[PDB]
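First up is the structure itself, then whatever we jot down about it.
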Amino acid sequence: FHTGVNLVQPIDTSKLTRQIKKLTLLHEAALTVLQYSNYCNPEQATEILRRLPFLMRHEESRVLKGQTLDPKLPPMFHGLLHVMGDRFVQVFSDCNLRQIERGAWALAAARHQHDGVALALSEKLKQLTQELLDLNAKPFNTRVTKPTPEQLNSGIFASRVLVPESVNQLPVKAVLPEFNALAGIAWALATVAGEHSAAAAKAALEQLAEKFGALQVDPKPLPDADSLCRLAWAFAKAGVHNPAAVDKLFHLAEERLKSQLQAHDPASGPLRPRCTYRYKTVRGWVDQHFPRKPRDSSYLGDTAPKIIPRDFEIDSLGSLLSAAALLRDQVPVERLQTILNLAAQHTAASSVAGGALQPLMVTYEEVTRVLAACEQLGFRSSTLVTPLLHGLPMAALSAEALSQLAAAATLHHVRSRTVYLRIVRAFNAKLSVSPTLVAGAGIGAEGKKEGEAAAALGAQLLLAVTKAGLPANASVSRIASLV
Amino acid sequence: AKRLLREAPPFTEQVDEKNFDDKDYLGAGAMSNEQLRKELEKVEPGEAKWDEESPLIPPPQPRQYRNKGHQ
Amino acid sequence: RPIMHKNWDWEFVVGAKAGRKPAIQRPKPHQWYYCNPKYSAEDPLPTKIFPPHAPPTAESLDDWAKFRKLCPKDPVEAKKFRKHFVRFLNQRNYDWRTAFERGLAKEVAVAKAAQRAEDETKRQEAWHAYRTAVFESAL
Amino acid sequence: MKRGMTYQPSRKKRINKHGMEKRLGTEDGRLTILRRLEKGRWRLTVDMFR
Amino acid sequence: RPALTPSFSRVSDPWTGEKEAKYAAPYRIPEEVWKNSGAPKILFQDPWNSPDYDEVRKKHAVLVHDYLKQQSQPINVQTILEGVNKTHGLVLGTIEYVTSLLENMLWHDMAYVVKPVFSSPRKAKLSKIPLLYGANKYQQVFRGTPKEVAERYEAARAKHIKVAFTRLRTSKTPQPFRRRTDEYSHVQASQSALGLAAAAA
RNA sequence: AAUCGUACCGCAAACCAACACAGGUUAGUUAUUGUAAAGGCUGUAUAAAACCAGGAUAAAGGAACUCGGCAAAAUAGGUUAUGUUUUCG
Ligand SMILES: [Mg+2]
Ligand SMILES: [Mg+2]
Ligand SMILES: [Mg+2]
């Protein structure tokens with residue numbers, strides 16, 4: 001039926017779908033985008049947007065040991081986002097709730113500002129605020145057998161093969177089932193909002209804050225830790241002032257943290273988050289609350305699950321606490337203190353198995369992010385810092401970073417000889433002579449420190465160690481002699 | 001032939017979708033070195049004892065991967 | 001040493017011009033380098049073998065490093081696994097040529113069509129001027 | 001069915017069945033070599049080359 | 001740049017069904033004066049096609065397609081002709097030309113037609129009532145109106161599930177597999193660079 | 001890090017069939033809704049005999065043909081209330 005020359009469209013819809021699913025490089029994506037961007041339906045337009053953020057990270061990792069990234073790529077990555085952003089606005093009226101989530105996240109993830117998208121999202125947010133926060137609201141259903149004329153405008157059903165869909169039985173006694181969808185859209189609106197669309201975005205968010213505050217029920221499945229962080233930053237960036245909404249949001253976060261700790265038995269092992277395990281099935285995908293056993297398939301090459309976390313982790317605690325510092329004035333002190341204590345308990349329990357310490361690996365970026373929030377909030381605790389130092393590798397850190405870590409441990413009253421020894425030993429191996437002291441570089445800091453700068457770092461480390469009260473050791477003695 | 005009995009081995013380009021970081025955090029407005037020195041000096045030299053630790057502490061354990069629900 | 005060769009005689013590649021070794025009619029992947037009419041002994045030898053049809057984005061490929069990680073531990077399965085990996089590598093050379101030949105055909109057709117339009121325009125313009133002269137002459 | 005295709009060449013088969021190493025492995029094969037030396041044939045086995 | 005027929009009543013359309021030429025003489029003269037005089041006809045009219053014959057046809061189809069998308073109910077071909085001309089000016093001359101454009105859209109599922117119901121085949125063949133046409137906002141893979149498309153999709157969805165499980169029960173893969181063919185060569189890389197330059201300019 | 005293969009033919013006028021033989025010859029890959037991207041290939045000069053081979057159409061009749069419906073032609077496909085036979089499938 002689709003043979004010959006099409007006088008209206010240059011490319012067949014089915015062929016265009018094949019190319020989109022077959023993208024692995026930005027150059028290939030640019031070839032598709034720059035030719036057929038005006039002939040994509042909402043299904044195709046939003047699919048491209050979601051892939052672009054992942055393709056950019058892939059190319060940065062293709063660089064070999066002795067090569068460098070091509071300078072022409074990053075400019076092209078933002079060029080493609082702008083072109084797809086315009087097409088997203090044109091077909092915005094025909095997108096589903098899920099499709100709007102994909103397009104909005106891609107621009108927000110890439111930190112690309114677009115006035116046209118921000119204005120379109122502002123109107124949509126107002127419409128969805130009164131519908132998704134209603135008590136008598138039902139979950140989004142993918143099991144569509146006879147689509148309506150308006151659903152034929154989404155492009156999902158213009159396919160020559162089976163359309164994958166979720167095979168779960170939708171809950172029938174859920175309260176506000178689509179809260180997570182609303183939280184993500186609001187965060188995208190704040191991030192994508194530009195200079196000429198800031199007023200509209202703020203007004204839409206203010207109405208959402210008032211509606212959220214004037215609510216006497218909690219969603220039956222409590223909002224995910226990620227969703228809570230996104231909503232908190234949506235208010236912080238937009239400057240919405242509503243203590244009633246802010247306090248309620250922190251209440252939900254407090255409730256979730258307690259629930260995770262209450263339903264945890266230490267005998268089983270270290271605390272781990274609850275997650276959704278998604279598997280591929282004949283008619284689509286299925287979500288489970290617990291993992292399957294490893295399986296060998298006769299047809300699939302990969303049977304591993306996609307893990308979507310629902311509880312809090314160290315990564316999310318460094319973003320929720322960051323939002324709290326921005327919104328400190330709107331949060332009661334009592335609620336802030338309770339959350340801080342729960343955060344410490346979550347960290348301590350997550351790195352203990354049986355009766356012995358089992359540290360969990362962390363990165364330097366994560367540690368600094370958590371500590372920075374604590375300094376702003378003025379929270380001092382040794383139960384939150386000690387687990388973070390045991391799981392932090394100290395082999396590729398610069399001399400400056402080691403000095404800062406030692407100072408932080410002393411201020412937080414950390415009492416663990418192993419932590420102190422692992423820091424001084426690493427610092428000593430980085431302090432070289434030649435008659436000028438040289439402090440090596442590393443992940444922690446940029447460049448090397450020579451002369452007085454190296455001496456200052458050594459003095460700070462010695463001061464922290466002296467206050468801590470460590471017994472004399474070879475590493476400290478050599479540092480003192482050099483400085 | 002053109003028809004395969006199972007998925008082909010992963011010899012083509014593999015785009016990874018795991019551990020994508022897009023959260024918002026604070027800035028880098030940390031304290032100055034002089035302020036840290038003053039804070040350390042203010043620390044009281046409390047004569048406390050060290051905690052009782054196990055003779056052998058295992059090295060850090062890697063964390064499991066995470067995905068996103070924007071499928 | 002570079003990873004890929006960049007100086008090719010494109011008349012030879014398309015087939016309008018003869019090569020440096022006319023006895024070879026279809027060069028192999030490792031024979032392209034020495035059949036190039038612009039071959040020079042002063043140029044450093046590339047560290048990898050690529051045909052002239054390969055894109056410049058192939059310089060970041062590391063195929064044997066990935067193969068080792070996927071290596072089965074059973075020797076019987078390992079031998080078959082390696083045989084399929086070599087088959088994949090060889091086929092990739094002729095996927096590039098097919099795309100190369102299809103891509104150029106589209107560009108040629110577009111240019112040929114554009115020339116055809118211009119020629120008709122000039123012929124029609126010339127006739128119109130002649131027609132005008134006839135009316136003017138007759139007053 | 002069409003006949004006349006009783007020969008299906010195979011290099012490994014030809015060497016193993018009629019090779020010099022095979023002719024020298026048995027008493028009867030050694031006698032065959034002597035018979036061909038006596039007649040004075042220039043090529044003794046299908047396996048021979050310079 | 002539409003051109004008028006020698007009768008100065010309509011524009012000539014670019015298709016094989018057009019039997020009228022384009023008047024191109026420098027002066028306007030009635031048909032009767034010069035048609036029976038015996039002079040060569042090529043001095044007054046152009047019987048050939050324009051250099052942009054194919055591009056003009058594609059442009060006309062877009063104008064018709066866009067107008068239908070703006071409509072809210074199926075309409076006749078006569079209404080389509082009047083609406084397009086009023087919006088843009090005198091660019092289309094006959095309803096037969098518009099009909100040919102619509103047939104192309106119907107084949108590729110860019111539009112649909114609403115047909116009447118008749119009691120017997122002979123009545124349907126002899127009927128002369130005009131037809132009504134609509135347009136799809138995006139290209140579909142099924143024929144008919146949105147109600148018919150939904151019905152066809154439902155039957156297709158059931159068939160797919162039936163086939164997938166029968167394959168699984170008989171020890172076949174539920175979903176067919178293929179290999180990914182690399183379609184990015186040096187020619188494609190140069191096309192992308194050319195495209196960026198054109199977009200920048 | 002040495003050593004051996006790398007030209008050309010390979011559903012074929014170059015391999016097995018005495019031939020430039022309508023035969024035989026393994027695996028891996030590619031475009032295509034009702035079609036089909038790349039690539040590859042190419043026939044002494046005429047026509048208004050009988051007859052022969054391979055197709056097409058045919059008034060009225062419709063197995064009268066013949067050892068024999070040989071050959072040819074033929075709505076061929078799907079869903080059925082009810083009935084029959086079963087080793088109950
Ligand atoms: Mg060869
Ligand atoms: Mg008859
Ligand atoms: Mg009879």
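Labels used: A, B, ... for chains in the order of the structure tokens, numbers from 1 for residues in each chain, and numbers from 1 for ligands as shown.
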Query raised in the report: Given a cut-off of 9 Å, what residues near ligand 2 show up using only C-alpha atoms (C1' of nucleotides) and all ligand atoms, put as a ChimeraX atom specification?
Result: /F:58-61
Query - Contact residues around segment 15-29 of chain D with only C-alpha atoms (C1' of nucleotides) at 10 Å, ignoring same-chain residues under 4 positions, as a PyMOL selection string - result: chain D and resi 10-11+33-35+44-48
**Report entry** Residue with smallest distance to ligand 1 - pool C:113, C:18, C:4, C:24, counting only C-alpha atoms and all ligand atoms
**Finding:**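 Nearest to ligand 1: C:24.
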Quick one: contact table of chain F to ligand 3, 12 Å max, nearest atom pair and distance in Å to one decimal per residue, counting only C-alpha atoms (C1' of nucleotides) and all ligand atoms, chain and number order, as a Markdown table?
| residue | atom | partner | partner_atom_place_in_ligand_line | distance |
| --- | --- | --- | --- | --- |
| F:63 | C1' | ligand 3 | 1 (Mg) | 7.0 |
| F:64 | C1' | ligand 3 | 1 (Mg) | 7.2 |
| F:65 | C1' | ligand 3 | 1 (Mg) | 7.1 |
| F:66 | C1' | ligand 3 | 1 (Mg) | 7.4 |
| F:67 | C1' | ligand 3 | 1 (Mg) | 11.3 |
| F:68 | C1' | ligand 3 | 1 (Mg) | 10.3 |
| F:69 | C1' | ligand 3 | 1 (Mg) | 10.4 |
Taking only C-alpha atoms (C1' of nucleotides) and all ligand atoms into account, report as a PDB file with N, CA, C and O atoms (P, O5', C5', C4', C3', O3' and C1' of nucleotides), in the first residue's frame which residues have an atom no farther than 7 Å from an atom of ligand 1.
ATOM      1  N   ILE C  24      46.041  -6.998  -9.976  1.00  0.00           N
ATOM      2  CA  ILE C  24      45.012  -7.183  -8.958  1.00  0.00           C
ATOM      3  C   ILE C  24      43.788  -6.371  -9.356  1.00  0.00           C
ATOM      4  O   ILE C  24      43.878  -5.158  -9.570  1.00  0.00           O
ATOM      5  N   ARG C  26      40.517  -6.819  -7.626  1.00  0.00           N
ATOM      6  CA  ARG C  26      39.705  -6.563  -6.437  1.00  0.00           C
ATOM      7  C   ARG C  26      40.605  -6.648  -5.213  1.00  0.00           C
ATOM      8  O   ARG C  26      40.775  -7.726  -4.627  1.00  0.00           O
ATOM      9  N   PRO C  27      41.204  -5.534  -4.798  1.00  0.00           N
ATOM     10  CA  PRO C  27      42.141  -5.580  -3.669  1.00  0.00           C
ATOM     11  C   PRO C  27      41.484  -6.079  -2.390  1.00  0.00           C
ATOM     12  O   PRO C  27      40.313  -5.812  -2.119  1.00  0.00           O
ATOM     13  N   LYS C  28      42.263  -6.813  -1.603  1.00  0.00           N
ATOM     14  CA  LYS C  28      41.859  -7.221  -0.267  1.00  0.00           C
ATOM     15  C   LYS C  28      42.042  -6.064   0.705  1.00  0.00           C
ATOM     16  O   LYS C  28      42.678  -5.059   0.386  1.00  0.00           O
TER      17      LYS C  28
ATOM     18  P     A F   7      44.554 -13.472  -3.933  1.00  0.00           P
ATOM     19  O5'   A F   7      45.544 -13.142  -5.135  1.00  0.00           O
ATOM     20  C5'   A F   7      45.991 -11.815  -5.375  1.00  0.00           C
ATOM     21  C4'   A F   7      46.362 -11.616  -6.821  1.00  0.00           C
ATOM     22  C3'   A F   7      45.264 -11.898  -7.836  1.00  0.00           C
ATOM     23  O3'   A F   7      44.376 -10.806  -8.005  1.00  0.00           O
ATOM     24  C1'   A F   7      47.265 -12.960  -8.516  1.00  0.00           C
TER      25        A F   7
END
Requested in this report: Mind checking which residues fall within 9 Å of segment 137-150 of chain E, counting only C-alpha atoms (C1' of nucleotides), ignoring those fewer than 2 positions away in the same chain, and posting them as a VMD selection string?
Outcome: (chain A and resid 1 to 2 9 12 to 14 39 to 41 145 to 149 152 to 155 157 to 160) or (chain E and resid 69 106 to 114 134 to 135 152 to 155)
Store the residues picked out above, limited to C-alpha atoms, as a PDB file, in the first residue's frame.
ATOM      1  CA  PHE A   1       0.000   0.000   0.000  1.00  0.00           C
ATOM      2  CA  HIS A   2       3.013   2.272   0.569  1.00  0.00           C
ATOM      3  CA  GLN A   9       6.197  13.096   2.741  1.00  0.00           C
ATOM      4  CA  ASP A  12       7.858   6.420   4.891  1.00  0.00           C
ATOM      5  CA  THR A  13       6.871   6.287   8.550  1.00  0.00           C
ATOM      6  CA  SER A  14       7.950   2.663   8.994  1.00  0.00           C
ATOM      7  CA  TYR A  39       7.951  14.501   9.577  1.00  0.00           C
ATOM      8  CA  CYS A  40       8.170  12.958  13.061  1.00  0.00           C
ATOM      9  CA  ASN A  41       5.041  12.102  15.019  1.00  0.00           C
ATOM     10  CA  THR A 145      -7.211  -2.245  22.331  1.00  0.00           C
ATOM     11  CA  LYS A 146      -9.448   0.199  20.407  1.00  0.00           C
ATOM     12  CA  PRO A 147      -7.816   3.652  20.389  1.00  0.00           C
ATOM     13  CA  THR A 148      -9.866   6.824  20.182  1.00  0.00           C
ATOM     14  CA  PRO A 149      -9.377   9.349  17.359  1.00  0.00           C
ATOM     15  CA  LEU A 152      -4.379   7.929  16.877  1.00  0.00           C
ATOM     16  CA  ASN A 153      -2.627  11.327  16.876  1.00  0.00           C
ATOM     17  CA  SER A 154       0.099  10.086  19.249  1.00  0.00           C
ATOM     18  CA  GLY A 155       1.646   7.825  16.596  1.00  0.00           C
ATOM     19  CA  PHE A 157      -0.505   2.714  16.813  1.00  0.00           C
ATOM     20  CA  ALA A 158       1.063   3.390  13.383  1.00  0.00           C
ATOM     21  CA  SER A 159       3.217   0.276  13.620  1.00  0.00           C
ATOM     22  CA  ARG A 160       3.606  -2.914  11.594  1.00  0.00           C
TER      23      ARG A 160
ATOM     24  CA  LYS E  69      -6.038  19.138   8.251  1.00  0.00           C
ATOM     25  CA  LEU E 106      -5.212   7.559  -0.224  1.00  0.00           C
ATOM     26  CA  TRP E 107      -2.679   5.010  -1.477  1.00  0.00           C
ATOM     27  CA  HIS E 108      -0.071   6.051   1.113  1.00  0.00           C
ATOM     28  CA  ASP E 109      -2.662   6.501   3.903  1.00  0.00           C
ATOM     29  CA  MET E 110      -2.300  10.275   4.161  1.00  0.00           C
ATOM     30  CA  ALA E 111      -6.067  10.714   3.686  1.00  0.00           C
ATOM     31  CA  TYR E 112      -9.320   8.759   3.704  1.00  0.00           C
ATOM     32  CA  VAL E 113     -12.636   8.751   1.843  1.00  0.00           C
ATOM     33  CA  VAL E 114     -16.152   8.270   3.225  1.00  0.00           C
ATOM     34  CA  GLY E 134     -10.626  13.681   5.175  1.00  0.00           C
ATOM     35  CA  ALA E 135      -6.991  13.884   6.208  1.00  0.00           C
ATOM     36  CA  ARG E 152      -8.286  -2.836  12.088  1.00  0.00           C
ATOM     37  CA  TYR E 153      -5.699  -2.236  14.814  1.00  0.00           C
ATOM     38  CA  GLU E 154      -7.684  -4.351  17.277  1.00  0.00           C
ATOM     39  CA  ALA E 155      -7.698  -7.294  14.864  1.00  0.00           C
TER      40      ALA E 155
END
Show me a table, sorted first by chain and then by increasing residue number, of the residues of chain B having an atom at most 10 Å from segment 172-175 of chain E, each with its shortest atom pair and the distance in Å to one decimal, counting only C-alpha atoms and written as a Markdown table.
| residue | atom | partner | partner_atom | distance |
| --- | --- | --- | --- | --- |
| B:4 | CA | E:173 | CA | 9.0 |
| B:5 | CA | E:173 | CA | 6.7 |
| B:6 | CA | E:173 | CA | 7.2 |
| B:7 | CA | E:173 | CA | 9.7 |
Would you put the residues from that selection into a file with C-alpha atoms, as a PDB file, in the first residue's frame?
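Output below, filename out_21.pdb:
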ATOM      1  CA  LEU B   4      18.511 -15.685  13.501  1.00  0.00           C
ATOM      2  CA  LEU B   5      17.538 -18.307  16.067  1.00  0.00           C
ATOM      3  CA  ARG B   6      18.653 -16.037  18.932  1.00  0.00           C
ATOM      4  CA  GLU B   7      20.045 -12.576  19.612  1.00  0.00           C
TER       5      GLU B   7
END
Report summary line: Pairwise distance, atom CA of residue 94 of chain A with atom CA of residue 117 of chain A, equals 14.1 Å
Report task. Find the residues of chain E in contact range of chain C, meaning any atom within 6 Å when counting only C-alpha atoms, and list them as a ChimeraX atom specification. Result -> /E:51,182-183,185-187
Could you save the residues just selected, with N, CA, C and O atoms, as a PDB file, in the first residue's frame?
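Heads up, here's the output in part-v7.pdb:
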ATOM      1  N   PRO E  51      10.161  23.181 -16.328  1.00  0.00           N
ATOM      2  CA  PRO E  51      11.355  22.477 -15.827  1.00  0.00           C
ATOM      3  C   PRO E  51      11.173  21.892 -14.439  1.00  0.00           C
ATOM      4  O   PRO E  51      11.830  20.898 -14.103  1.00  0.00           O
ATOM      5  N   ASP E 182      25.923  -2.098   9.265  1.00  0.00           N
ATOM      6  CA  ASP E 182      26.526  -0.778   9.385  1.00  0.00           C
ATOM      7  C   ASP E 182      26.303  -0.004   8.091  1.00  0.00           C
ATOM      8  O   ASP E 182      26.754  -0.427   7.022  1.00  0.00           O
ATOM      9  N   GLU E 183      25.610   1.129   8.190  1.00  0.00           N
ATOM     10  CA  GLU E 183      25.251   1.942   7.036  1.00  0.00           C
ATOM     11  C   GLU E 183      25.841   3.344   7.132  1.00  0.00           C
ATOM     12  O   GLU E 183      25.266   4.303   6.613  1.00  0.00           O
ATOM     13  N   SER E 185      29.361   5.277   6.328  1.00  0.00           N
ATOM     14  CA  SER E 185      30.666   5.230   5.686  1.00  0.00           C
ATOM     15  C   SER E 185      31.201   6.652   5.517  1.00  0.00           C
ATOM     16  O   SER E 185      30.634   7.621   6.030  1.00  0.00           O
ATOM     17  N   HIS E 186      32.312   6.768   4.788  1.00  0.00           N
ATOM     18  CA  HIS E 186      32.931   8.072   4.583  1.00  0.00           C
ATOM     19  C   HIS E 186      32.002   9.025   3.842  1.00  0.00           C
ATOM     20  O   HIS E 186      32.040  10.237   4.079  1.00  0.00           O
ATOM     21  N   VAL E 187      31.168   8.503   2.941  1.00  0.00           N
ATOM     22  CA  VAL E 187      30.229   9.359   2.224  1.00  0.00           C
ATOM     23  C   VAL E 187      29.228   9.978   3.191  1.00  0.00           C
ATOM     24  O   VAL E 187      28.904  11.166   3.093  1.00  0.00           O
TER      25      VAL E 187
END
Requested in this report: Select residues of chain F: the criterion is any atom within 12 Å of an atom of chain A, counting only C-alpha atoms (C1' of nucleotides); output as JSON, numbers by chain.
Outcome: {"F": [32, 33, 34, 35, 36]}
Selection file, N, CA and C atoms (P, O5', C5', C4', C3', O3' and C1' of nucleotides), as a PDB file, in the first residue's frame:
ATOM      1  P     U F  32      14.525  -2.417   2.234  1.00  0.00           P
ATOM      2  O5'   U F  32      13.354  -3.007   1.333  1.00  0.00           O
ATOM      3  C5'   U F  32      12.879  -2.298   0.198  1.00  0.00           C
ATOM      4  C4'   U F  32      11.910  -3.131  -0.603  1.00  0.00           C
ATOM      5  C3'   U F  32      10.834  -3.843   0.198  1.00  0.00           C
ATOM      6  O3'   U F  32       9.742  -2.996   0.516  1.00  0.00           O
ATOM      7  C1'   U F  32      11.817  -5.361  -1.324  1.00  0.00           C
ATOM      8  P     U F  33       9.116  -2.983   1.996  1.00  0.00           P
ATOM      9  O5'   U F  33       7.878  -3.979   1.891  1.00  0.00           O
ATOM     10  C5'   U F  33       6.989  -3.915   0.782  1.00  0.00           C
ATOM     11  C4'   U F  33       5.756  -4.754   1.005  1.00  0.00           C
ATOM     12  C3'   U F  33       4.649  -4.557  -0.026  1.00  0.00           C
ATOM     13  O3'   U F  33       3.935  -5.779  -0.209  1.00  0.00           O
ATOM     14  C1'   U F  33       3.852  -3.940   2.107  1.00  0.00           C
ATOM     15  P     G F  34       4.169  -6.667  -1.529  1.00  0.00           P
ATOM     16  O5'   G F  34       4.049  -5.620  -2.722  1.00  0.00           O
ATOM     17  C5'   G F  34       3.839  -6.053  -4.061  1.00  0.00           C
ATOM     18  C4'   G F  34       2.722  -5.284  -4.721  1.00  0.00           C
ATOM     19  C3'   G F  34       2.790  -3.770  -4.543  1.00  0.00           C
ATOM     20  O3'   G F  34       2.235  -3.120  -5.688  1.00  0.00           O
ATOM     21  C1'   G F  34       0.803  -4.583  -3.564  1.00  0.00           C
ATOM     22  P     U F  35       3.072  -3.015  -7.056  1.00  0.00           P
ATOM     23  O5'   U F  35       4.579  -3.273  -6.613  1.00  0.00           O
ATOM     24  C5'   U F  35       5.444  -2.190  -6.310  1.00  0.00           C
ATOM     25  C4'   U F  35       6.406  -2.551  -5.208  1.00  0.00           C
ATOM     26  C3'   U F  35       7.883  -2.484  -5.564  1.00  0.00           C
ATOM     27  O3'   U F  35       8.405  -1.169  -5.482  1.00  0.00           O
ATOM     28  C1'   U F  35       7.428  -4.531  -4.474  1.00  0.00           C
ATOM     29  P     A F  36       9.296  -0.566  -6.674  1.00  0.00           P
ATOM     30  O5'   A F  36      10.766  -1.085  -6.352  1.00  0.00           O
ATOM     31  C5'   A F  36      11.393  -0.775  -5.117  1.00  0.00           C
ATOM     32  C4'   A F  36      12.348  -1.861  -4.696  1.00  0.00           C
ATOM     33  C3'   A F  36      13.469  -2.178  -5.675  1.00  0.00           C
ATOM     34  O3'   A F  36      14.557  -1.276  -5.599  1.00  0.00           O
ATOM     35  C1'   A F  36      12.447  -4.186  -5.002  1.00  0.00           C
TER      36        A F  36
END
Query - helix (DSSP H, G or I) positions in segment 79-121 of chain E, given as a ChimeraX atom specification - result: /E:79-88,95-107,121
Query raised in the report: For chain D, which residue among F:23, F:39, F:78, F:28 is the nearest when counting only C-alpha atoms (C1' of nucleotides)?
Result: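 Result for the nearest residue to chain D: F:23.
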